[PDB]
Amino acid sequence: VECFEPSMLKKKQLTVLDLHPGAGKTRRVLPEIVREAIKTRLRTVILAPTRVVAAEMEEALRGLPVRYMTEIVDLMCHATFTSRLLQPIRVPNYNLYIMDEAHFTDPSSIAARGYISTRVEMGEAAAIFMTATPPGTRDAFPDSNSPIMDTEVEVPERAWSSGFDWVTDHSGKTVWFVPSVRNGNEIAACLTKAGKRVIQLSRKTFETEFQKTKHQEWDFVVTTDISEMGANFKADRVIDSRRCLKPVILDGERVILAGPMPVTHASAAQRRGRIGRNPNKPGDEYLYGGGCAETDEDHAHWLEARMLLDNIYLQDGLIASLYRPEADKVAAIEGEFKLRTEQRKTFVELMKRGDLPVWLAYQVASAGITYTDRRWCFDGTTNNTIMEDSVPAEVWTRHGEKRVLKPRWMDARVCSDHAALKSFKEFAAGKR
């Protein structure tokens, strides 16, 4: 459905509001849902994908009794909701759950959808999932406010000299999606040397660098998938490699960052969605480098979502299932990741304070290791040695001895970039 009506708020209803990019999902639909929830005294939670998007929502709901957190309407990020479900905090049994960008495949988002849909199925609440690409659908070219010219081309993924003149010959403004900051740096450097003005966006530099797009005379924005949500540009072109790095669990033993491999239809729709937004500016184009793949069962996030869900309580003995259209994404035995009370607290602390990936936290917690015991960071097999500048990374441990970083369980997400590695060295040293 692409239109909200009051009947959608009755218990037992789960509605997916297909709102194409630029439809006014935040500014138009949401306040109408919220005012009807407030009017009828439904205890409601609104779930935003990011803190950036949550701020936009606060603005669109100015004046309404809404309590933002990290009143009878609460607003929080998908991750905050799921984390609160895992903590001792007593989370209200909301009558209504509103999830924005409900296609988001972060483990906490997947788990939240499973918890919510289960509560609806149990007859305890209603839910509204808002997204341009409903889970279970595979249309990379949804509707837009203005027609988009879609052209498949050879998109460069490394610095280039010759060819790809269509890239530089463009006099408009382009948003370019790349799989990593590294890949972006090379592409930006190449573009800067060709005389173009480039601003690079990434999770850690967004808040500060996004501002520059609003006033500077930029030609290109080289960004990672963080611009898939909560980022509006005044652009007429999107270049999309249609690739990303995905964490994959190899032989239930380690997590690698595989790829770059094809993105999903929903990611491709969101990227394309950055353009075709302005009726008064037709002619926007989306230039893409390959096909999409629905086969993302190798993505670790699905299993990670199950690990989280198995540790969220609903009713004595009951284990929440994943949202039905996503349930087949994971091969797992129900409740197999349910941890007893103490190991569960360790798991939670490892993800929250420790900031470890869900899969890694689970391995450490299930082995009976306590939060602050970091010996496991140094006693793995030789092939788990972590490198810094292609040489073994080393850390001064809490007792002053310099040890080689060699964790018992290897998860590539802890050393994928300099910031991640720096953070994991701090963890190994007991500084967190």
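Start at 1 with the first residue shown and count on from there.
Q) How much of the deposited sequence is absent from the coordinates between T70 and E71: none, 1 to 3, 4 to 9, or 10 or more residues? A) Gap between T70 and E71: 10 or more residues without coordinates.
Q) Of the two stretches 169-177 and 102-110, which shows the higher Cα B-factor on average in the entry? A) Per the deposited B-factors, the answer is 169-177.
**Q.** Stretch with the greater mean C-alpha B-factor as recorded in the entry, comparing 178-186 against 111-119
**A.** Comparing 178-186 with 111-119, the higher mean C-alpha B-factor belongs to 178-186.
**Q.** Which of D316, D74, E297, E157 ranks first by CA B-factor in the deposited coordinates
**A.** Each of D316, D74, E297, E157 was compared by C-alpha B-factor; the highest is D316.
Q. Which one of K352, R324, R197, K329 shows the top CA temperature factor in the record?
A. Going by the entry's C-alpha B-factors, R197 comes out highest.
Q: Would you mind ranking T131 by its C-alpha B-factor against the rest of the chain and naming the third, lowest, middle or highest?
A: Its C-alpha B-factor belongs to the lowest third of this chain's values.
Q) If you rank the chain by CA B-factor, which third does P407 end up in: lowest, middle or highest? A) Tercile = lowest for this residue's CA B-factor.
Q | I38 - Cα temperature factor, lowest/middle/highest third of chain | A | Middle third.
Q) Taking the C-alpha B-factors as the PDB entry records them, is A393 in the lowest, middle or highest third of its chain? A) For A393, the deposited C-alpha B-factor lands in the middle third.
Q. For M387, does the deposited CA B-factor place it in the lowest, middle or highest third of the chain?
A. Tercile = middle for this residue's CA B-factor.
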